[PDB]
Amino acid sequence: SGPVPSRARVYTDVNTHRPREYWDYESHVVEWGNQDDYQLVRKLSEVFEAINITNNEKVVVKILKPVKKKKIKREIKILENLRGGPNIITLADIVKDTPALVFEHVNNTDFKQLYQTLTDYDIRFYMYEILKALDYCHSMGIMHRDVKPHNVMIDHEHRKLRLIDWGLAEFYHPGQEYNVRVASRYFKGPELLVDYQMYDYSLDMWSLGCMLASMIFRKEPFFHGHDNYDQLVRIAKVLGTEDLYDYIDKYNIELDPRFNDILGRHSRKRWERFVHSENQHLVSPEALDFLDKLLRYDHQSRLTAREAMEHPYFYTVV
Ligand SMILES: O=c1cc(-c2ccc(O)cc2)oc2cc(O)cc(O)c12
């Protein structure tokens, strides 16, 4: 038989109706800069602290390992297209002499020490700033596909945020089937876990939901499995089994020989039950209702990044 196809609810054709020079990265002319403009100072995966000689400016250089030329091109073209977007890491330069990407400098506040200083107001503020980056990149036809805390740099001392590591990002094309290896296991949407390849921007919205959940409930990560099979089980224990099968049925997905039994039966849990005495100060009914609308099995019924910015949760921050 086979599975039912899917198209993105919003921003379906932004790449389709744009010139080939925008999305067609494999045949892109990369204008290489000079590595001798920059002086490597310290290693921060080959990421280096550096100084631009031509102006004494602090930068961060990423030296690219032996990967396929088309993967280097994909990341370069995406960063170039998104340069100037709110809270997207700025590509200052691309250099040779062996390829390197040069980024604006950013401090990273030590997590844990970030995780202990953060108030309810800080989370709303930083979630809003990530959402401006996601709405912007989605509107530009780009999925990030790796939204997670290690790719969200928060410079708390300066109240600053950058969405980084666009190495796994892709341009959205309706009907296209994509790799399901992408993203950290813990932030993989149900679509990636059931091997449904025709996904879209909505994946990043699931990942963002897992981010909020673990931040407000203070448990990293929120859904914790050892494989893709167990991961779906951990999500099922919270969202319930009924809404999951309603999703399988809707898209005619056929489960792996292992999914059937490990699922069992689970009711939908109210989010309030996860509030305990150490995380109480970060949670509100607004926060819980926003989380509920992001973390839905159905990728077509998840809040878009724009819809999300209109939730009462962010009212105090807008
Ligand atoms: O660890 C870092 C990684 C990156 C980075 C940024 C963009 C990419 O596509 C890949 C990696 O930028 C940074 C920028 C900084 O200012 C500081 C960092 O530690 C990093």
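1. A few points about the domain arrangement of the chain
Here the chain is described as being made up of domain 1 (6-23 + 106-318) and domain 2 (24-105). Of note, the centres of domain 1 and domain 2, computed from C-alpha atoms alone, are 27 Å apart. Facing 26 residues of domain 1, the contacting portion of domain 2 comprises 19 residues. Taken over both partners, the interface formed by domain 1 and domain 2 buries close to 2,100 Å², and the fraction arising from carbon and sulfur atoms is 54%. Broken down residue by residue, the surface that domain 1 buries against domain 2 is led by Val 106, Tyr 136 and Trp 166, which jointly contribute 26%. On the surface where domain 1 and domain 2 come into contact, there are 4 salt bridges.

2. Observations regarding the nonpolar core
Core analysis: the biggest nonpolar cluster contains 85 residues, and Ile 142, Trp 166, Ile 216 and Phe 290 have the highest contact counts within it. Look past the residues within four positions of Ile 142 in its chain and what remains in contact with it is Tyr 22, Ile 78, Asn 81, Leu 82, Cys 137, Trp 166, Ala 169, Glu 170, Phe 171 and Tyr 201. Counting 12 residues, the second-largest nonpolar core is a separate cluster that includes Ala 8, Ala 183, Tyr 201 and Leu 203.

3. Structural notes on the site of the ligand
Taken together, 13 residues form the shell around the ligand, and within it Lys 62, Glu 75, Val 106, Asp 165 and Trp 166 come nearest. A distance of 2.4 Å separates an oxygen atom of the ligand from a polar backbone atom of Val 106. Measuring from an oxygen atom of the ligand, one finds a backbone N or O atom of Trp 166 at 3.1 Å. Counting only elements with at least two residues in the shell around the ligand, the list comes to β4 (57-63) and β6 (99-104). Its residues assigned to classes, the shell around the ligand shows 8 nonpolar, 1 polar and 4 charged.

4. Quick word on helix α6 (residues 202-216)
If you check α6, its first and last C-alpha atoms are 21 Å apart, about what 15 residues at 1.5 Å a residue would give, namely 21 Å. For α6, the tally of buried residues reaches 15 of 15 residues, placing the bulk of the element in the interior. Looking one or two residues past α6, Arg 218 carries a phi angle of roughly 55°, positive in sign.

Reading the values: the criteria
Residues numbered from 1 in each chain as written, not as in the entry; some residues may be left out. Heavy atoms only, no water. Domains from an automatic or database assignment. Contact = heavy atoms within 4.5 Å. Buried area = accessible area lost by both parts, 1.4 Å probe. Salt bridge = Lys/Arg side-chain N within 4 Å of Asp/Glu carboxyl O. Core = buried A, V, L, I, M, F, W, Y, C linked by side-chain atoms within 4.5 Å. Buried < 20%, exposed > 50% of the residue type's maximum accessible area, 1.4 Å probe, protein only. Near = heavy atom within 4 Å. Polar contact = N/O pair within 3.5 Å; in protein donor to acceptor, adjacent residues only side chain to side chain. Helix = DSSP H or I, 4+ residues; strand = E, 2+ residues; numbered from the N terminus. Nonpolar A, V, L, I, M, F, W, Y, C, P; charged D, E, K, R; others polar. Expected span 1.5 Å × (residues − 1).

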